[PDB]
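Presented below is the structure to which this report refers.
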Amino acid sequence: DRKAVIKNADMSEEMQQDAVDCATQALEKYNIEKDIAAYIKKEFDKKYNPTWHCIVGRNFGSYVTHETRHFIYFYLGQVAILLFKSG
Amino acid sequence: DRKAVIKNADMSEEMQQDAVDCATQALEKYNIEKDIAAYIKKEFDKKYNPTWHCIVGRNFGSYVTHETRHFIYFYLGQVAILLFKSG
Amino acid sequence: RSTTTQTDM
Amino acid sequence: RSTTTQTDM
């Protein structure tokens with residue numbers, strides 16, 4: 001069972017928890033990073049309104065501009081997940 | 001000198017070329033992926049108006065929603081670069 | 001539009 | 001706001 005480590009968040013605690021749950025579901029169902037990212041993005045578009053963006057991977061850096069209170073960057077096990085709405 | 005391979009683009013040829021030039025400049029100046037991404041994002045915010053987002057790395061998948069004609073995904077050498085405006 | 005990207009490595 | 005992320009690996 002994969003360890004969640006939230007690295008940077010500008011997001012309600014309830015939503016941070018959902019992101020972690022959603023990513024857990026995604027990793028259960030899918031093995032390919034883009035499919036994992038697509039599942040998370042789509043769940044959040046639904047649960048929390050569009051428009052979300054998701055990057056999933058083991059090696060990347062980013063510079064994104066996000067809407068306040070709609071950004072999370074976390075690890076689920078060995079995989080890093082960036083999920084946010086654009087600012 | 002690093003080989004540019006554009007993998008997916010919804011973007012004018014002039015802008016695709018600028019993205020490749022910008023990423024080339026970034027890789028000359030910086031070694032860390034987030035710094036490379038920040039340099040590209042900032043150049044495009046300036047040259048082509050906000051709001052851009054940039055991910056740079058060797059291992060990641062993504063699902064993002066972009067504005068039509070403002071998306072490029074390419075490699076510069078071994079590094080993958082995702083650059084886009086949000087749709 | 002929404003699109004996926006996936007690194008080769 | 002704009003922020004950076006960088007993977008540990």
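Following the order of the structure tokens, first chain is A, next is B, and so on, with residues numbered from 1 inside each chain and ligands from 1 in the order they appear.
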
- [ ] Can you pull out every residue within 7 Å of residue 7 of chain B, counting only C-alpha atoms, but drop anything in the same chain fewer than 2 positions away, and send it as JSON, numbers by chain?
- [x] {"B": [5, 9, 73, 74]}

So that each row is one residue of chain A with an atom at most 6 Å from chain D, can you give its shortest atom pair and the distance in Å to one decimal, using only C-alpha atoms, rows by chain and rising number, as a Markdown table?
| residue | atom | partner | partner_atom | distance |
| --- | --- | --- | --- | --- |
| A:59 | CA | D:7 | CA | 5.5 |
| A:60 | CA | D:7 | CA | 5.7 |
| A:61 | CA | D:6 | CA | 4.2 |
| A:62 | CA | D:5 | CA | 5.1 |
| A:63 | CA | D:4 | CA | 4.6 |
| A:64 | CA | D:2 | CA | 5.5 |
| A:65 | CA | D:2 | CA | 4.0 |
| A:66 | CA | D:1 | CA | 5.5 |

Open item on the list: Considering only C-alpha atoms, can you say which of A:26, A:82, A:76, A:55 comes closest to chain B?
Closed with: A:55

Counting only C-alpha atoms, which residues of chain B fall within 10 Å of chain A, and what is the closest atom pair for each with its distance in Å at one decimal, ordered by chain and rising number, as a Markdown table?
| residue | atom | partner | partner_atom | distance |
| --- | --- | --- | --- | --- |
| B:32 | CA | A:61 | CA | 7.7 |
| B:33 | CA | A:61 | CA | 4.7 |
| B:34 | CA | A:61 | CA | 4.1 |
| B:35 | CA | A:61 | CA | 7.8 |
| B:36 | CA | A:61 | CA | 8.1 |
| B:37 | CA | A:62 | CA | 5.5 |
| B:38 | CA | A:63 | CA | 5.0 |
| B:39 | CA | A:63 | CA | 8.7 |
| B:40 | CA | A:63 | CA | 8.9 |
| B:41 | CA | A:63 | CA | 6.8 |
| B:42 | CA | A:63 | CA | 9.0 |
| B:50 | CA | A:65 | CA | 9.5 |
| B:51 | CA | A:65 | CA | 7.2 |
| B:52 | CA | A:64 | CA | 7.1 |
| B:53 | CA | A:64 | CA | 4.4 |
| B:54 | CA | A:63 | CA | 5.4 |
| B:55 | CA | A:62 | CA | 4.3 |
| B:56 | CA | A:61 | CA | 5.3 |
| B:57 | CA | A:60 | CA | 3.8 |
| B:58 | CA | A:59 | CA | 5.6 |
| B:59 | CA | A:59 | CA | 4.7 |
| B:60 | CA | A:57 | CA | 3.8 |
| B:61 | CA | A:34 | CA | 4.1 |
| B:62 | CA | A:55 | CA | 4.3 |
| B:63 | CA | A:38 | CA | 5.0 |
| B:64 | CA | A:53 | CA | 4.4 |
| B:65 | CA | A:53 | CA | 6.5 |
| B:66 | CA | A:53 | CA | 9.2 |
| B:79 | CA | A:60 | CA | 9.2 |
| B:80 | CA | A:60 | CA | 8.7 |
| B:81 | CA | A:60 | CA | 9.3 |
| B:82 | CA | A:62 | CA | 9.2 |
| B:83 | CA | A:64 | CA | 9.7 |
| B:84 | CA | A:64 | CA | 9.8 |
| B:85 | CA | A:86 | CA | 8.7 |
| B:86 | CA | A:86 | CA | 6.3 |
| B:87 | CA | A:51 | CA | 7.6 |

Atoms kept (N, CA, C and O atoms) for selection, written as a tab-separated table (two decimals), in the first residue's frame:
chain	number	residue	atom	x	y	z
B	32	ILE	N	18.79	22.25	-13.82
B	32	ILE	CA	17.71	21.68	-13.02
B	32	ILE	C	16.39	21.84	-13.77
B	32	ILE	O	16.07	22.90	-14.29
B	33	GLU	N	15.60	20.77	-13.82
B	33	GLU	CA	14.42	20.77	-14.67
B	33	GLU	C	13.44	21.89	-14.36
B	33	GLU	O	12.89	22.49	-15.28
B	34	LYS	N	13.20	22.20	-13.09
B	34	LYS	CA	12.24	23.25	-12.76
B	34	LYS	C	12.74	24.63	-13.18
B	34	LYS	O	11.95	25.52	-13.46
B	35	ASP	N	14.05	24.80	-13.21
B	35	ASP	CA	14.62	26.10	-13.62
B	35	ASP	C	14.52	26.25	-15.13
B	35	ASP	O	14.25	27.35	-15.65
B	36	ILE	N	14.73	25.15	-15.83
B	36	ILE	CA	14.55	25.10	-17.28
B	36	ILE	C	13.09	25.41	-17.60
B	36	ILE	O	12.78	26.26	-18.42
B	37	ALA	N	12.18	24.72	-16.95
B	37	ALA	CA	10.77	24.98	-17.17
B	37	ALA	C	10.38	26.42	-16.85
B	37	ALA	O	9.58	27.03	-17.56
B	38	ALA	N	10.94	26.99	-15.78
B	38	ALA	CA	10.56	28.34	-15.39
B	38	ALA	C	11.02	29.37	-16.45
B	38	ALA	O	10.30	30.32	-16.76
B	39	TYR	N	12.20	29.15	-17.01
B	39	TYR	CA	12.76	30.04	-18.03
B	39	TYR	C	11.89	30.03	-19.30
B	39	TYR	O	11.58	31.08	-19.86
B	40	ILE	N	11.49	28.84	-19.74
B	40	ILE	CA	10.65	28.71	-20.93
B	40	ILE	C	9.30	29.36	-20.70
B	40	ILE	O	8.81	30.13	-21.53
B	41	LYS	N	8.67	29.03	-19.58
B	41	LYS	CA	7.35	29.56	-19.28
B	41	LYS	C	7.39	31.09	-19.29
B	41	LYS	O	6.52	31.75	-19.85
B	42	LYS	N	8.41	31.66	-18.68
B	42	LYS	CA	8.49	33.11	-18.55
B	42	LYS	C	8.73	33.78	-19.91
B	42	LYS	O	8.12	34.80	-20.21
B	50	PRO	N	0.58	35.84	-21.38
B	50	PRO	CA	0.17	34.80	-20.42
B	50	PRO	C	-1.11	34.09	-20.85
B	50	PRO	O	-1.81	34.62	-21.71
B	51	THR	N	-1.45	32.92	-20.29
B	51	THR	CA	-0.70	32.26	-19.22
B	51	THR	C	-0.19	30.90	-19.69
B	51	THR	O	-0.99	30.04	-20.08
B	52	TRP	N	1.12	30.70	-19.63
B	52	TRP	CA	1.72	29.42	-20.03
B	52	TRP	C	2.15	28.57	-18.84
B	52	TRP	O	2.37	29.07	-17.74
B	53	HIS	N	2.30	27.27	-19.11
B	53	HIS	CA	2.71	26.28	-18.13
B	53	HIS	C	3.73	25.40	-18.80
B	53	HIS	O	3.60	25.06	-19.97
B	54	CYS	N	4.76	25.01	-18.05
B	54	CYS	CA	5.82	24.23	-18.63
B	54	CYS	C	6.25	23.12	-17.68
B	54	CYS	O	6.47	23.36	-16.49
B	55	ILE	N	6.33	21.91	-18.23
B	55	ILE	CA	6.87	20.76	-17.53
B	55	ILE	C	8.07	20.26	-18.32
B	55	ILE	O	8.02	20.13	-19.55
B	56	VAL	N	9.14	19.97	-17.60
B	56	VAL	CA	10.37	19.52	-18.20
B	56	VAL	C	10.82	18.30	-17.43
B	56	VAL	O	10.90	18.34	-16.22
B	57	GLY	N	11.13	17.22	-18.14
B	57	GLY	CA	11.57	16.00	-17.49
B	57	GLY	C	11.84	14.83	-18.40
B	57	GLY	O	11.61	14.88	-19.60
B	58	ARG	N	12.33	13.75	-17.80
B	58	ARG	CA	12.68	12.55	-18.53
B	58	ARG	C	11.66	11.45	-18.32
B	58	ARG	O	11.63	10.48	-19.09
B	59	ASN	N	10.83	11.58	-17.29
B	59	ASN	CA	9.79	10.59	-17.04
B	59	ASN	C	8.53	11.17	-16.43
B	59	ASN	O	8.47	11.45	-15.24
B	60	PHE	N	7.52	11.34	-17.27
B	60	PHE	CA	6.22	11.80	-16.84
B	60	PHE	C	5.18	11.57	-17.92
B	60	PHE	O	5.49	11.48	-19.10
B	61	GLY	N	3.94	11.42	-17.49
B	61	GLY	CA	2.82	11.46	-18.39
B	61	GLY	C	1.93	12.60	-17.94
B	61	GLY	O	2.03	13.07	-16.81
B	62	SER	N	1.06	13.06	-18.82
B	62	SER	CA	0.21	14.17	-18.48
B	62	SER	C	-1.15	14.03	-19.13
B	62	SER	O	-1.29	13.36	-20.15
B	63	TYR	N	-2.13	14.69	-18.54
B	63	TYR	CA	-3.39	14.98	-19.18
B	63	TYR	C	-3.76	16.41	-18.84
B	63	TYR	O	-4.09	16.73	-17.70
B	64	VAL	N	-3.67	17.28	-19.84
B	64	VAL	CA	-3.91	18.69	-19.66
B	64	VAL	C	-4.94	19.14	-20.67
B	64	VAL	O	-5.09	18.53	-21.72
B	65	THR	N	-5.64	20.23	-20.37
B	65	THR	CA	-6.59	20.81	-21.30
B	65	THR	C	-6.02	22.12	-21.79
B	65	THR	O	-5.88	23.07	-21.02
B	66	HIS	N	-5.67	22.19	-23.07
B	66	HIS	CA	-5.04	23.38	-23.58
B	66	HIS	C	-5.91	24.16	-24.54
B	66	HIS	O	-6.82	23.63	-25.17
B	79	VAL	N	15.59	15.29	-22.98
B	79	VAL	CA	14.63	15.92	-22.08
B	79	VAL	C	13.32	16.21	-22.80
B	79	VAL	O	13.31	16.73	-23.91
B	80	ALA	N	12.20	15.88	-22.15
B	80	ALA	CA	10.90	16.18	-22.71
B	80	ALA	C	10.35	17.47	-22.13
B	80	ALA	O	10.52	17.76	-20.95
B	81	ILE	N	9.67	18.22	-22.97
B	81	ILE	CA	9.17	19.53	-22.61
B	81	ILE	C	7.72	19.64	-23.05
B	81	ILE	O	7.38	19.43	-24.21
B	82	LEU	N	6.87	19.97	-22.08
B	82	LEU	CA	5.47	20.22	-22.33
B	82	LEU	C	5.21	21.68	-22.04
B	82	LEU	O	5.45	22.14	-20.94
B	83	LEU	N	4.70	22.40	-23.03
B	83	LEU	CA	4.47	23.82	-22.91
B	83	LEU	C	3.11	24.16	-23.50
B	83	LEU	O	2.82	23.79	-24.63
B	84	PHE	N	2.26	24.84	-22.73
B	84	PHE	CA	0.90	25.08	-23.17
B	84	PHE	C	0.22	26.19	-22.40
B	84	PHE	O	0.65	26.55	-21.30
B	85	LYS	N	-0.83	26.75	-22.99
B	85	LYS	CA	-1.77	27.63	-22.27
B	85	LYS	C	-3.00	26.82	-21.92
B	85	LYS	O	-3.37	25.92	-22.67
B	86	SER	N	-3.66	27.15	-20.81
B	86	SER	CA	-4.81	26.35	-20.40
B	86	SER	C	-6.05	26.68	-21.24
B	86	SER	O	-6.31	27.84	-21.56
B	87	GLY	N	-6.79	25.63	-21.58
B	87	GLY	CA	-8.08	25.77	-22.22
B	87	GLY	C	-9.20	25.73	-21.20
B	87	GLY	O	-9.10	26.34	-20.13

Can you pull out every residue within 9 Å of residue 3 of chain A, counting only C-alpha atoms, but drop anything in the same chain fewer than 3 positions away, and send it as an mmCIF file with N, CA and C atoms, in the first residue's frame?
data_model
loop_
_atom_site.group_PDB
_atom_site.id
_atom_site.type_symbol
_atom_site.label_atom_id
_atom_site.label_comp_id
_atom_site.auth_asym_id
_atom_site.auth_seq_id
_atom_site.Cartn_x
_atom_site.Cartn_y
_atom_site.Cartn_z
ATOM 1 N N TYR A 75 3.585 12.974 -3.696
ATOM 2 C CA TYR A 75 3.990 11.633 -4.046
ATOM 3 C C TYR A 75 2.998 10.608 -3.522
ATOM 4 N N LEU A 76 2.718 9.605 -4.341
ATOM 5 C CA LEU A 76 2.027 8.408 -3.873
ATOM 6 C C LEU A 76 2.988 7.266 -4.163
ATOM 7 N N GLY A 77 3.663 6.803 -3.122
ATOM 8 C CA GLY A 77 4.759 5.879 -3.301
ATOM 9 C C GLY A 77 5.854 6.594 -4.062
ATOM 10 N N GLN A 78 6.301 5.974 -5.146
ATOM 11 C CA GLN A 78 7.473 6.434 -5.890
ATOM 12 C C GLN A 78 7.101 7.459 -6.971
#

TODO: List every residue of chain B that DSSP, applied to the backbone, labels as alpha helix (DSSP H), and write the result as a ChimeraX atom specification.
DONE: /B:13-29,33-48

What does the file look like for those residues with N, CA, C and O atoms, as a short mmCIF file (atom, residue, chain, number, x, y, z; two decimals), in the first residue's frame?
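Contents of part.cif, as written:
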data_model
loop_
_atom_site.label_atom_id
_atom_site.label_comp_id
_atom_site.auth_asym_id
_atom_site.auth_seq_id
_atom_site.Cartn_x
_atom_site.Cartn_y
_atom_site.Cartn_z
N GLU B 13 3.94 27.31 -36.65
CA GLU B 13 5.30 26.87 -36.89
C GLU B 13 6.31 27.86 -36.31
O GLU B 13 7.38 27.46 -35.84
N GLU B 14 5.97 29.14 -36.35
CA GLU B 14 6.85 30.18 -35.83
C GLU B 14 7.02 30.02 -34.32
O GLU B 14 8.11 30.18 -33.76
N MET B 15 5.93 29.69 -33.65
CA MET B 15 5.95 29.54 -32.20
C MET B 15 6.63 28.24 -31.81
O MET B 15 7.35 28.18 -30.81
N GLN B 16 6.41 27.19 -32.59
CA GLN B 16 7.07 25.92 -32.31
C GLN B 16 8.57 26.16 -32.36
O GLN B 16 9.31 25.67 -31.52
N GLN B 17 9.02 26.93 -33.35
CA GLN B 17 10.45 27.19 -33.48
C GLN B 17 10.98 28.01 -32.31
O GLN B 17 12.12 27.82 -31.88
N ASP B 18 10.17 28.94 -31.82
CA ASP B 18 10.58 29.76 -30.69
C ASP B 18 10.68 28.89 -29.45
O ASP B 18 11.59 29.06 -28.64
N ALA B 19 9.75 27.96 -29.29
CA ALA B 19 9.76 27.11 -28.12
C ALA B 19 11.05 26.31 -28.10
O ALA B 19 11.69 26.16 -27.06
N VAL B 20 11.44 25.80 -29.26
CA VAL B 20 12.66 25.02 -29.37
C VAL B 20 13.89 25.90 -29.09
O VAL B 20 14.84 25.45 -28.44
N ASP B 21 13.87 27.14 -29.57
CA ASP B 21 14.98 28.05 -29.33
C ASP B 21 15.06 28.38 -27.85
O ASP B 21 16.14 28.36 -27.26
N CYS B 22 13.91 28.69 -27.28
CA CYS B 22 13.82 29.04 -25.86
C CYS B 22 14.32 27.90 -24.99
O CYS B 22 15.04 28.11 -24.03
N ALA B 23 13.92 26.68 -25.33
CA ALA B 23 14.35 25.53 -24.55
C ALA B 23 15.86 25.32 -24.70
O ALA B 23 16.55 24.96 -23.75
N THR B 24 16.38 25.57 -25.90
CA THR B 24 17.82 25.51 -26.13
C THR B 24 18.55 26.51 -25.22
O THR B 24 19.54 26.16 -24.58
N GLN B 25 18.06 27.75 -25.16
CA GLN B 25 18.64 28.75 -24.28
C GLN B 25 18.59 28.25 -22.85
O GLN B 25 19.55 28.37 -22.10
N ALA B 26 17.44 27.70 -22.46
CA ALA B 26 17.25 27.27 -21.09
C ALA B 26 18.23 26.19 -20.70
O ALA B 26 18.75 26.19 -19.58
N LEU B 27 18.49 25.26 -21.60
CA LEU B 27 19.38 24.15 -21.29
C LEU B 27 20.83 24.61 -21.26
O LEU B 27 21.68 23.95 -20.65
N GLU B 28 21.12 25.72 -21.92
CA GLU B 28 22.48 26.26 -21.90
C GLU B 28 22.76 26.87 -20.53
O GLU B 28 23.84 26.68 -19.98
N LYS B 29 21.77 27.58 -20.01
CA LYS B 29 21.91 28.32 -18.76
C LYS B 29 21.71 27.46 -17.51
O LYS B 29 22.43 27.62 -16.53
N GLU B 33 15.60 20.77 -13.82
CA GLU B 33 14.42 20.77 -14.67
C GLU B 33 13.44 21.89 -14.36
O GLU B 33 12.89 22.49 -15.28
N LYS B 34 13.20 22.20 -13.09
CA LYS B 34 12.24 23.25 -12.76
C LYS B 34 12.74 24.63 -13.18
O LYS B 34 11.95 25.52 -13.46
N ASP B 35 14.05 24.80 -13.21
CA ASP B 35 14.62 26.10 -13.62
C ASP B 35 14.52 26.25 -15.13
O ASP B 35 14.25 27.35 -15.65
N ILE B 36 14.73 25.15 -15.83
CA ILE B 36 14.55 25.10 -17.28
C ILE B 36 13.09 25.41 -17.60
O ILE B 36 12.78 26.26 -18.42
N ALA B 37 12.18 24.72 -16.95
CA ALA B 37 10.77 24.98 -17.17
C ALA B 37 10.38 26.42 -16.85
O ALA B 37 9.58 27.03 -17.56
N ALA B 38 10.94 26.99 -15.78
CA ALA B 38 10.56 28.34 -15.39
C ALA B 38 11.02 29.37 -16.45
O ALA B 38 10.30 30.32 -16.76
N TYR B 39 12.20 29.15 -17.01
CA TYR B 39 12.76 30.04 -18.03
C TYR B 39 11.89 30.03 -19.30
O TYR B 39 11.58 31.08 -19.86
N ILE B 40 11.49 28.84 -19.74
CA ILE B 40 10.65 28.71 -20.93
C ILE B 40 9.30 29.36 -20.70
O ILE B 40 8.81 30.13 -21.53
N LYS B 41 8.67 29.03 -19.58
CA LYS B 41 7.35 29.56 -19.28
C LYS B 41 7.39 31.09 -19.29
O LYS B 41 6.52 31.75 -19.85
N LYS B 42 8.41 31.66 -18.68
CA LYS B 42 8.49 33.11 -18.55
C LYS B 42 8.73 33.78 -19.91
O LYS B 42 8.12 34.80 -20.21
N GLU B 43 9.60 33.20 -20.73
CA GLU B 43 9.82 33.73 -22.07
C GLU B 43 8.52 33.72 -22.87
O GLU B 43 8.22 34.67 -23.57
N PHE B 44 7.74 32.65 -22.76
CA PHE B 44 6.53 32.57 -23.56
C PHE B 44 5.44 33.48 -23.02
O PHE B 44 4.65 34.03 -23.79
N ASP B 45 5.39 33.67 -21.70
CA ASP B 45 4.47 34.63 -21.12
C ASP B 45 4.74 36.01 -21.73
O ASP B 45 3.82 36.79 -22.00
N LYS B 46 6.01 36.30 -21.94
CA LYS B 46 6.43 37.62 -22.44
C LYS B 46 6.22 37.72 -23.94
O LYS B 46 5.50 38.59 -24.42
N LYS B 47 6.88 36.83 -24.68
CA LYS B 47 6.81 36.81 -26.14
C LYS B 47 5.38 36.61 -26.67
O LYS B 47 5.01 37.17 -27.70
N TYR B 48 4.59 35.81 -25.97
CA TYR B 48 3.31 35.36 -26.52
C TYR B 48 2.13 35.51 -25.58
O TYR B 48 1.09 34.89 -25.80
#

Task: For atom CA of residue 11 of chain B and atom CA of residue 68 of chain B, the interatomic separation in Å (one decimal) - done: 7.8 Å

- [ ] Could you find all residues in chain C that DSSP calls strand (DSSP E or B) from the backbone, and write them as a list in words?
- [x] residues 2, 3, 4, 5 and 6 of chain C

Write the residues of the selection above to a file with N, CA and C atoms, as a PDB file, in the first residue's frame.
ATOM      1  N   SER C   2      -8.228  18.464 -24.699  1.00  0.00           N
ATOM      2  CA  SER C   2      -7.442  17.709 -23.740  1.00  0.00           C
ATOM      3  C   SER C   2      -6.623  16.667 -24.476  1.00  0.00           C
ATOM      4  N   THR C   3      -5.345  16.564 -24.139  1.00  0.00           N
ATOM      5  CA  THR C   3      -4.497  15.549 -24.746  1.00  0.00           C
ATOM      6  C   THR C   3      -3.563  14.954 -23.722  1.00  0.00           C
ATOM      7  N   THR C   4      -3.090  13.749 -24.013  1.00  0.00           N
ATOM      8  CA  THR C   4      -2.117  13.092 -23.169  1.00  0.00           C
ATOM      9  C   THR C   4      -0.740  13.267 -23.768  1.00  0.00           C
ATOM     10  N   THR C   5       0.257  13.250 -22.893  1.00  0.00           N
ATOM     11  CA  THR C   5       1.636  13.093 -23.312  1.00  0.00           C
ATOM     12  C   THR C   5       2.209  11.987 -22.453  1.00  0.00           C
ATOM     13  N   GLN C   6       3.159  11.253 -23.005  1.00  0.00           N
ATOM     14  CA  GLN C   6       3.873  10.245 -22.254  1.00  0.00           C
ATOM     15  C   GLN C   6       5.320  10.177 -22.730  1.00  0.00           C
TER      16      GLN C   6
END

Task: Interatomic distance, atom CA of residue 71 of chain B to atom CA of residue 1 of chain B (Å, one decimal) - done: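 About the pair atom CA of residue 71 of chain B and atom CA of residue 1 of chain B: they are 24.2 Å apart.
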
- [ ] Please indicate the distance in Å from atom CA of residue 70 of chain B to atom CA of residue 31 of chain B, rounded to one decimal place.
- [x]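 Rounded to one decimal, the two atoms are 25.6 Å apart.
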